[PDB]
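Sequence order for the protein chains is F and B.
The deposited numbering numbers the first residue of the first sequence as 1 and each following residue consecutively.
The deposited numbering numbers the first residue of the second sequence as 1 and each following residue consecutively.
The C-beta atom is built at its ideal place from N, Cα and C for all residues, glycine as well.
Number of protein chains: 2
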Amino acid sequence: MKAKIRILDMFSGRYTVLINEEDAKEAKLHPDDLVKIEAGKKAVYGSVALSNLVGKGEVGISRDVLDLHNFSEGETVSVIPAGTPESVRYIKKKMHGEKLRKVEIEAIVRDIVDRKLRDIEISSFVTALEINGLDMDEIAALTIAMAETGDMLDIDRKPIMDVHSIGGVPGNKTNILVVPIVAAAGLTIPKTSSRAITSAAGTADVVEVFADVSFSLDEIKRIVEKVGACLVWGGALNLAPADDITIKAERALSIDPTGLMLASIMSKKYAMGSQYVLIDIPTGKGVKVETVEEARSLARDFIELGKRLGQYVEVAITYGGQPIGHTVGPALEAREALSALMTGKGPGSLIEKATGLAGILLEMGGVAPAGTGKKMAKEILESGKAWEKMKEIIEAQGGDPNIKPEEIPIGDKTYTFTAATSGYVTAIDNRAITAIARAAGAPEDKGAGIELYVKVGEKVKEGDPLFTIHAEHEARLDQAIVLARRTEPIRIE
Amino acid sequence: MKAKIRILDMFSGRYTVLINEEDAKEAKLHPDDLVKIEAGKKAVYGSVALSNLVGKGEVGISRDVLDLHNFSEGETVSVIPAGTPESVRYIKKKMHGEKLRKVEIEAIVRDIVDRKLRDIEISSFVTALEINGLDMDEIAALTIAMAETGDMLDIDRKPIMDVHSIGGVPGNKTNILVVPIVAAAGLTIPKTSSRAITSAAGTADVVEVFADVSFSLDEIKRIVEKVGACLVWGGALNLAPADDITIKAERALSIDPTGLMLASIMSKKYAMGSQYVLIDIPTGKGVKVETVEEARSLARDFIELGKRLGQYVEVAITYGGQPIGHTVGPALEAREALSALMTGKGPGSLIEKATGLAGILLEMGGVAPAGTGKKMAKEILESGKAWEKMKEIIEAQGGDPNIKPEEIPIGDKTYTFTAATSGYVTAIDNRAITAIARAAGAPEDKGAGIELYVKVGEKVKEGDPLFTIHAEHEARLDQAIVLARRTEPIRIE
Numbered sequence: 001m002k003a004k005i006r007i008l009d010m011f012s013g014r015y016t017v018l019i020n021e022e023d024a025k026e027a028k029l030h031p032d033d034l035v036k037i038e039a040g041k042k043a044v045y046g047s048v049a050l051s052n053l054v055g056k057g058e059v060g061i062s063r064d065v066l067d068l069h070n071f072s073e074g075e076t077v078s079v080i081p082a083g084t085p086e087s088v089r090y091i092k093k094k095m096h097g098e099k100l101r102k103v104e105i106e107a108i109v110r111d112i113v114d115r116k117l118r119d120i121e122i123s124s125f126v127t128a129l130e131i132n133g134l135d136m137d138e139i140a141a142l143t144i145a146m147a148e149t150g151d152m153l154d155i156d157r158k159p160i161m162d163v164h165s166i167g168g169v170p171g172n173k174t175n176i177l178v179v180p181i182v183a184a185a186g187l188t189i190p191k192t193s194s195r196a197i198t199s200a201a202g203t204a205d206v207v208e209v210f211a212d213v214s215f216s217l218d219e220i221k222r223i224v225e226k227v228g229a230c231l232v233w234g235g236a237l238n239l240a241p242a243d244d245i246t247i248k249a250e251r252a253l254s255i256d257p258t259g260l261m262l263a264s265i266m267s268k269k270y271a272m273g274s275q276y277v278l279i280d281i282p283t284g285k286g287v288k289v290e291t292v293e294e295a296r297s298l299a300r301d302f303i304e305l306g307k308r309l310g311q312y313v314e315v316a317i318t319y320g321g322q323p324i325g326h327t328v329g330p331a332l333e334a335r336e337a338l339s340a341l342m343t344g345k346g347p348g349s350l351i352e353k354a355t356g357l358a359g360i361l362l363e364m365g366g367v368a369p370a371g372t373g374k375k376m377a378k379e380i381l382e383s384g385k386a387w388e389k390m391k392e393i394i395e396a397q398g399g400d401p402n403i404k405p406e407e408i409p410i411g412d413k414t415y416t417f418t419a420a421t422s423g424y425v426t427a428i429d430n431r432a433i434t435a436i437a438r439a440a441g442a443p444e445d446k447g448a449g450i451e452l453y454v455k456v457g458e459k460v461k462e463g464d465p466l467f468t469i470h471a472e473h474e475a476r477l478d479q480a481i482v483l484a485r486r487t488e489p490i491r492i493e
Numbered sequence: 001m002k003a004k005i006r007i008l009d010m011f012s013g014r015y016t017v018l019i020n021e022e023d024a025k026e027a028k029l030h031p032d033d034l035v036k037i038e039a040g041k042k043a044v045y046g047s048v049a050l051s052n053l054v055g056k057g058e059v060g061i062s063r064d065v066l067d068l069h070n071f072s073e074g075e076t077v078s079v080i081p082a083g084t085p086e087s088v089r090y091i092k093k094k095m096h097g098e099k100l101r102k103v104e105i106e107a108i109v110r111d112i113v114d115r116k117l118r119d120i121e122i123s124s125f126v127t128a129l130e131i132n133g134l135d136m137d138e139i140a141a142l143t144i145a146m147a148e149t150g151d152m153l154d155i156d157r158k159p160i161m162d163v164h165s166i167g168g169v170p171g172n173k174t175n176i177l178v179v180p181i182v183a184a185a186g187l188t189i190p191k192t193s194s195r196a197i198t199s200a201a202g203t204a205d206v207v208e209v210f211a212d213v214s215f216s217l218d219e220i221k222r223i224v225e226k227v228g229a230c231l232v233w234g235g236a237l238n239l240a241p242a243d244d245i246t247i248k249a250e251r252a253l254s255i256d257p258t259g260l261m262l263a264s265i266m267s268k269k270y271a272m273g274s275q276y277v278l279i280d281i282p283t284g285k286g287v288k289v290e291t292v293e294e295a296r297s298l299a300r301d302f303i304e305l306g307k308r309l310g311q312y313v314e315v316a317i318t319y320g321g322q323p324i325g326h327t328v329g330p331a332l333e334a335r336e337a338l339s340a341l342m343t344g345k346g347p348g349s350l351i352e353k354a355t356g357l358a359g360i361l362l363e364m365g366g367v368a369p370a371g372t373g374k375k376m377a378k379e380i381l382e383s384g385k386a387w388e389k390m391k392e393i394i395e396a397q398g399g400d401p402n403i404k405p406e407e408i409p410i411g412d413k414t415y416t417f418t419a420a421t422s423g424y425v426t427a428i429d430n431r432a433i434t435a436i437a438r439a440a441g442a443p444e445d446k447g448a449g450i451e452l453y454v455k456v457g458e459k460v461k462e463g464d465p466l467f468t469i470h471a472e473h474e475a476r477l478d479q480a481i482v483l484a485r486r487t488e489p490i491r492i493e
């Protein structure tokens with residue numbers, strides 16, 4: 001069937017195609033059906049929705065489609081029904097515990113990217129993986145395939161370094177400190193973090209506060225070529241398109257298969273050509289990886305995955321028991337990260353890790369002799385050499401290099417919690433702290449967040465103030481105070 | 001977040017809720033997020049889509065919502081973000097192979113019915129079941145749970161007799177024959193079949209040809225009380241709502257868990273109060289249950305699940321390699337079924353199968369002494385008692401009891417295939433035959449269908465006509481013809 005394309009001012013989270021009830025009847029189309037719309041070489045797969053808003057002869061396509069495909073309104077396109085994808089058979093084999101040929105895996109991924117496979121197919125694929133699992137040969141094929149289906153950036157500078165944190169730890173703004181520090185060494189390190197969805201803040205969310213996160217792949221390359229490093233948001237560029245789609249499925253079912261995760265993390269690195277990668281695995285209660293033993297295995301998996309991909313990889317296992325620094329939430333986190341870079345003096349938890357992680361990278365780069373990596377990082381930070389590099393990144397990013405950290409604005413409405421009884425602080429719960437911060441409105445409101453005046457092992461006396469809640473809106477503050485009250489995140493004994 | 005409901009003329013195949021870009025930002029709502037909309041007692045769960053269509057201060061709900069919920073346009077409603085359902089935790093357990101507690105099973109079903117669990121979650125439950133299976137204890141719990149959350153009809157006449165064929169066989173118009181015959185005996189048998197989704201025709205489609213198929217539960221009870229039987233569509237009433245929602249995922253994945261299938265089939269019967277259910281398992285090549293050994297196993301399961309539900313279940317394994325009778329398609333099937341009832345004579349496959357199934361029900365009903373049911377069924381059919389009874393159903397369903405079968409319309413455009421060679425017919429492919437019928441336009445076009453002038457084992461000299469294609473549009477028929485030529489549904493050797 002041929003109909004003229006009509007743009008729709010709507011975002012459904014899916015490629016939505018609207019078809020006339022009468023016109024649809026001719027094609028035998030039904031709601032939620034998959035139809036392939038094509039004009040020239042380019043074609044797109046959409047999920048049918050029947051509405052009378054669109055007249056006979058017109059096809060309605062939502063704006064979601066416009067981002068990756070260029071279709072001009074009033075354009076004539078051919079809309080034809082789509083058969084069930086061939087890849088589904090492959091999903092089934094995995095479902096049955098069978099190993100997957102590289103060819104079978106590639107087809108599944110390509111469909112995921114082209115959108116022939118929707119939520120149902122993907123949730124099933126993700127579910128199958130969790131129950132049955134992926135062996136190492138499969139993971140690598142999956143990793144390479146995920147990278148291949150998406151845009152890849154080629155950069156002249158070498159060696160290229162990357163740093164990653166599996167996460168699950170609040171206020172981990174350490175990467176912001178590490179990249180500036182490493183670049184000063186003159187190594188090239190282009191970081192691409194992502195905005196927070198299930199967390200109070202994201203590296204990208206923190207960066208937006210003092211700079212502009214979004215950039216073109218080409219623009220990203222130019223910045224890296226001159227600055228030597230960048231701190232841009234991952235979502236805008238087309239890297240590992242498959243990884244993000246699968247994640248929606250993982251977040252909903254609250255399950256993260258290790259094979260998919262290893263593959264997903266490395267897929268982005270391989271695409272950008274990172275040659276040396278450092279992965280930080282925060283191990284501890286209330287963190288994604290609970291024990292050292294689990295981390296130790298995960299580290300081995302990451303290193304081996306690198307060998308298959310041609311990447312030299314090293315992993316660091318770090319504590320994830322307590323939030324890093326005393327600041328949680330994007331506005332608060334940016335001030336803390338930046339003040340530390342400028343001052344050269346910062347919270348010990350944030351400072352030691354950044355230098356230490358950075359140190360591992362410096363040695364890998366070849367810049368520093370083995371065992372002196374942590375120390376070299378300390379000198380760069382103290383020198384203020386690190387701060388200048390950050391200024392360069394900020395200037396390149398369009399941020400104001402002349403900005404002052406004290407100047408950044410925290411939330412106007414705040415409530416502070418004080419200790420119920422005298423004691424020593426045995427533990428701090430990440431989920432509760434992040435949950436409270438999120439209630440406070442992070443990361444939608446940069447101002448909102450939490451500030452901790454205490455750290456684990458710290459002695460406390462009655463009336464001492466454990467943490468303060470910052471909220472942009474008073475209505476938000478009550479919800480945060482209430483959630484915080486039930487949780488009693490800080491424990492004293 | 002108070003808002004005035006606005007109804008949008010669109011069918012998304014999902015409970016779509018449209019929100020303003022400005023309004024959504026304030027509420028931290030994103031595309032495809034789950035939201036709970038409630039007024040007074042009424043509440044509904046929908047997926048947020050960001051739109052311009054709806055002005056600020058308004059929320060848009062598609063027509064799908066209107067079906068089960070009385071929401072009036074301009075109605076003032078409150079909109080809050082829905083959290084992840086507690087049930088997903090349970091889905092995970094099944095994911096890990098754990099047996100499911102009844103409360104846990106019950107929770108998943110209620111959530112599935114309530115629409116809290118969308119496409120991603122349901123697929124996982126379904127994927128997990130196929131991958132890990134369902135225990136017999138769970139199936140009864142699932143089956144009862146499904147029945148419990150939907151409308152149930154308590155019919156006064158007892159005992160209540162039901163007949164069901166897992167089908168997969170082309171041209172199965174047998175049930176139409178079974179119900180009238182059984183009804184004549186004075187037994188009560190209320191059948192609610194469903195329109196074809198992947199078949200050329202459905203019992204529901206055939207019935208619509210000579211009588212209205214859509215009816216209310218209250219309307220439905222009344223006919224049975226007086227008529228003693230009915231042939232109405234399953235879809236119109238809200239019975240076992242979960243079966244349909246889950247079914248879409250299975251069809252999409254082209255899988256059918258045994259535990260899920262039994263619960264789905266059995267759930268409807270439990271709801272209607274059927275006390276004596278007869279299951280017909282068509283075993284043969286190209287039929288759902290391919291082997292007799294597989295079919296027998298299925299039969300043991302249906303009976304055991306019956307005991308658990310307090311129902312006397314009996315299974316009859318029949319042959320399904322060739323299409324029943326000589327007609328495929330709704331217009332064609334109705335004429336054949338009706339002609340046989342009026343005449344008391346018709347094709348052997350339909351009459352023998354129909355009488356035998358009917359006989360088992362009669363024996364079950366106490367109406368006949370053991371071993372005498374088929375003979376009695378033939379007498380009722382031969383007597384014409386059956387045909388008289390059909391007219392009572394046809395009348396009450398709103399059709400002319402005076403309709404002359406021969407009169408019923410068939411497609412104007414037809415093509416006939418003849419024997420390429422001489423020999424004996426070794427086999428017929430239902431999948432091929434059904435595919436051709438569908439291409440012709442079945443079941444949307446009643447006229448479309450196929451007519452077989454041959455049965456397996458018949459000897460045909462070269463040039464003998466094999467089957468005839470009926471279509472209501474030349475375009476459809478030609479497409480079918482090509483398919484038919486490509487297919488070669490009849491094998492002679």
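State yes or no: is the beta carbon of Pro31(B) nearer than 8 angstroms to at least one beta carbon in chain F? yes
So which of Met10(B), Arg300(B), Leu477(B) has the shortest CA-CA distance to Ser62(B)? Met10(B)
Taking a contact to mean a Cβ-Cβ separation below 8 angstroms, would you say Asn172(F) touches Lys191(F) in this structure? Their beta carbons are not under 8 angstroms apart, which means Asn172(F) does not touch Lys191(F) by this criterion.
Between the CA atoms of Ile450(B) and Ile223(B) - distance to the nearest angstrom: 33 angstroms
For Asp218(F), name the three-state secondary structure that DSSP assigns. helix
Name, in chain order, the residues that DSSP records as bridge partners for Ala316(B). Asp280(B)
State the Cα-Cα distance for the pair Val213(B) and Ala200(F), rounded to the nearest angstrom. Distance between the alpha carbons of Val213(B) and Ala200(F) is about 55 angstroms.
Among the residues of its own chain, which have a CB less than 8 angstroms from the CB of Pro409(B), if the five just before and after it don't count? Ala331, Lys446, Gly447
Cβ closer than 8 angstroms: which chain B residues qualify as neighbours of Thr84(F)? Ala252, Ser254
Could you have a look at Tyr15(B) and say whether DSSP puts it in helix, strand or coil? If DSSP states are grouped into helix, strand and coil, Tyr15(B) belongs with coil.
Of the choices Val227(F), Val179(F), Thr414(F), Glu138(F), whose alpha-carbon is the least far from that of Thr355(F)? Of all alpha-carbon atoms in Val227(F), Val179(F), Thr414(F), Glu138(F), the one lying nearest the alpha-carbon of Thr355(F) is that of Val179(F).
Residue range of the alpha helix (DSSP H) that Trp387(B) falls in? 385–396
Buried or exposed: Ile80(B), going by 16 or more other Cβ atoms within 10 Å of its Cβ? exposed
Would you tell me roughly how many angstroms separate the C-alpha atoms of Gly228(B) and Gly365(B), rounded to the nearest one? 14 angstroms
Could you compute how far the alpha carbon of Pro257(B) sits from the alpha carbon of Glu250(B)? 8 angstroms
How is the beta strand (DSSP E) around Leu8(B) delimited, first residue to last? 2–8
Exposed or buried, what is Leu362(B) when buried is set at 16 or more other beta-carbons lying within 10 Å of its beta-carbon? The residue in question, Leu362(B), is buried, as its Cβ has 16 or more Cβ neighbours within 10 Å.
Assuming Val287(F) is part of the alpha helix (DSSP H), what are its boundary residues? From DSSP, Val287(F) is part of no alpha helix (DSSP H); its letter is neither H nor E.
What are the uninterrupted segments assigned as alpha helix (DSSP H) that are 4 or more residues long and contained completely in the stretch 427–489 of chain F, given in chain order? Qualifying alpha helix (DSSP H) stretches, in chain order: 430–439, 474–487.
Looking at the C-beta of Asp243(B), does it have a partner C-beta in chain F at a distance below 8 angstroms? no
Determine the closest residue to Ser12(B) out of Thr188(B), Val313(B), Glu86(B), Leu66(B), with distance taken between C-alpha atoms. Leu66(B)
May I ask you to report which of helix, strand or coil DSSP gives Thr291(B)? Shown here, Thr291(B) sits in coil according to DSSP, grouped into three states, outside any helix or strand.
Identify which residue in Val169(B), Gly286(B), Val163(B) has its Cα closest to the Cα of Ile181(B). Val163(B)
Beta carbon of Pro443(B), beta carbon of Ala196(B): below 8 angstroms? Yes, the Cβ-Cβ distance between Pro443(B) and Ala196(B) is below 8 angstroms.
Inter-residue spacing [alpha-carbon to alpha-carbon] between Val35(B) and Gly46(B): 5 angstroms
Taking C-beta to C-beta, are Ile91(F) and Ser124(F) nearer than 8 angstroms? Going by C-beta atoms, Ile91(F) is nearer than 8 angstroms to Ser124(F).
Do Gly284(B) and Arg431(B) have their beta-carbon atoms positioned less than 8 angstroms apart in this structure? no
On the DSSP letters alone, give me the boundaries of the beta strand (DSSP E) that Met161(B) sits inside. 161–165
In chain F, which residues lie less than 7 angstroms from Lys28(B) when you measure between Cβ atoms? Listed by position along chain F, the residues whose Cβ is nearer than 7 angstroms to that of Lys28(B) are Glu444.
Does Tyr424(F) pass the burial test, meaning 16 or more other C-beta atoms within 10 Å, or should it be called exposed? exposed
Less than 7 angstroms between C-beta atoms, sequence neighbours within five positions excluded: which residues of the same chain meet that for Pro31(F)? If we look at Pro31(F) and ignore the five residues flanking it on each side, its Cβ neighbours are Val48, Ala49, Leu50.
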